[PDB]
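A.B. asks: only the shape, not the letters, is given here:
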Ligand SMILES: O=C(O)CNC(=O)C(=O)O
Ligand SMILES: [Mg+2]
Ligand code: NI
Ligand SMILES: [Zn+2]
């Protein structure tokens, strides 16, 4: 078995190897990458996502989210308070302000220490989940707006034709902006490209050990667990590396820098934080190996997780028993 300790792997494809996205994913899995839940892909030196970022300041963040924490430093939830719209130029200036800017630090480890010590005492503003793309249309390789769609994959593997679409999303971050512990909708893959700015630190639990993280989460967030049998779908819970180590949960960490891709694999729980002002683009995708994960994915039916139009078909086809109850949740 390849990668039996479930380490995060880093790949350096050549420009030739960068042509065929599907083929490269399948290669990385042949080497065991999926066992970690997360891989890094460094693009060939010849590749670029677009020519410059000089002209992005006029993108609108219609609903910036202030991430307000509750709990203790290593075990907390966050709620998202909606804020007034602002442009990316306005958001960048706010990220760089004395109130929100990255503190002085020695290196990424020192910054990580400071994040976990102090995150809860601040409420950073995240421009998350903005439909759009920063890839140039002429970028032909690993252009996250030109991937094969999940609906097309389902149709190719299973024969069934379904409604829905699959488009990318932009994330504008600042220091301490946080993504809570989650897997993707329907335990899909994700791919995330850091277009510019400061790094993003990731934590990940191997898919084969995801239920260990779930059981800890039920212990640590006991009211939320009684409320919903899949409350990590709400994407609000944080648990620090220190707490994971104290409870014996297997995990790994890695820091993504500008110009690098990350892939999350089916049922790979992940969480993390931004180091400073940045912009990432991410989209969900599928392969043949996902189908079985999709059929087994948990679902929130309490009503909190509220998701996309296109998830309806995935539930309807892959999980027809759960469909009725899940749809009651979504209405
Ligand atoms: O970058 C973020 O805030 C969150 N991204 C992801 O969870 C992802 O790409 O799967
Ligand atoms: Mg602009
Ligand atoms: Ni994710
Ligand atoms: Zn729920």
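C.D. replies: Structure received. Numbers count the residues shown, from 1 in each chain. Ligands and ions are numbered 1, 2, ... in the order given.

A.B. asks: next, count neighbours for residue 187.
C.D. replies: 23 (other C-beta atoms under 10 Å). Every C-beta, even on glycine, is put in place using the N, C-alpha and C of the backbone.

A.B. asks: equivalent analysis for the one 4 residues further on, please.
C.D. replies: Residue crowding around residue 191 was assessed by other C-beta under 10 Å; the count is 21.

A.B. asks: quick one: it and residue 23, what's the gap?
C.D. replies: Going from residue 191 to residue 23 by C-beta to C-beta, to the nearest Å gives 15 Å.

A.B. asks: same question for residue 299.
C.D. replies: Residue 299 is 32 Å from residue 23, by C-beta to C-beta.

A.B. asks: cool, residue 286 as well?
C.D. replies: In terms of C-beta to C-beta, residue 286 sits 15 Å off from residue 23.

A.B. asks: who's more crowded, those two?
C.D. replies: Legend: neighbour count by other C-beta under 10 Å for residue 286 and residue 23, higher for residue 286 (27 against 9).

A.B. asks: in the stretch 1-150 of the chain, what residue comes closest to ligand 4?
C.D. replies: residue 77 (13.3 Å; C-beta to the ion).

A.B. asks: what pairs with that residue across the strands?
C.D. replies: residue 70, residue 237 (DSSP bridges).

A.B. asks: wait, it touches residue 235, no?
C.D. replies: No. If you go by C-beta atoms under 8 Å, residue 77 and residue 235 don't touch, sitting 10.1 Å apart.

A.B. asks: what is in contact with the two at once?
C.D. replies: Common contacts of residue 77 and residue 235 (C-beta atoms under 8 Å, 6 or more residues apart in numbering): residue 180.

A.B. asks: spatially nearest residue to residue 74 (excluding sequence neighbours)?
C.D. replies: Leaving aside its sequence neighbours, residue 74 sits nearest to residue 240 (C-beta to C-beta, 6 or more residues apart in numbering; 3.7 Å).

A.B. asks: next, count neighbours for that neighbour.
C.D. replies: Residue 240 has 20 nearby residues by other C-beta under 10 Å.

A.B. asks: residues of the stretch 1-150 of the chain that sit close to ligand 2?
C.D. replies: 56, 58 (C-beta under 5 Å from the ion).

A.B. asks: still on that earlier bit, so who does the residue of the stretch 1-150 of the chain closest to ligand 4 touch?
C.D. replies: 69, 70, 71, 180, 221, 224, 236, 237, 238.

A.B. asks: count of neighbours near the last one?
C.D. replies: Residues within reach of residue 238, counting by other C-beta under 10 Å, total 26.

A.B. asks: and it, how far from residue 264?
C.D. replies: Taking C-beta to C-beta, one finds residue 238 at 17 Å from residue 264.

A.B. asks: which non-adjacent residue is nearest the residue in the chain that ligand 2 sits nearest to?
C.D. replies: Residue nearest to ligand 2 within the chain: residue 58 (2.9 Å; C-beta to the ion). Nearest residue to residue 58, sequence neighbours excluded (C-beta to C-beta, 6+ apart): residue 87, at 5.8 Å.

A.B. asks: list phi and psi for the residue lying closest to residue 164 once chain neighbours are set aside.
C.D. replies: Nearest residue to residue 164 in three dimensions, chain neighbours excluded: residue 310, at 3.1 Å (C-beta to C-beta, 6+ apart). Note on residue 310: backbone dihedrals following degrees, to the nearest 10 are phi -80, psi -20.

A.B. asks: try residue 330
C.D. replies: According to degrees, to the nearest 10, residue 330 has phi -70, psi 0.

A.B. asks: next up, the contacts around it.
C.D. replies: 303, 306, 307, 312.

A.B. asks: now, which of those sits nearest ligand 1?
C.D. replies: Closest approach to ligand 1 among those (C-beta to the nearest ligand atom): residue 307, at 13.7 Å.

A.B. asks: in three-state terms, label the closest one for me.
C.D. replies: coil (DSSP: H, G, I helix; E, B strand; the rest coil).

A.B. asks: my guess is it contacts residue 188, does it?
C.D. replies: No. Applying C-beta under 8 Å as the test, residue 307 and residue 188 come out as separate, 11.4 Å apart.

A.B. asks: which residue is the nearest non-sequential neighbour of residue 290?
C.D. replies: In space, residue 290 is closest to residue 266, 5.2 Å off (C-beta to C-beta, 6+ apart).

A.B. asks: same question, residue 282
C.D. replies: residue 192 is the one closest to residue 282 (C-beta to C-beta, 6+ apart), at 3.9 Å.

A.B. asks: noted, bye for now.
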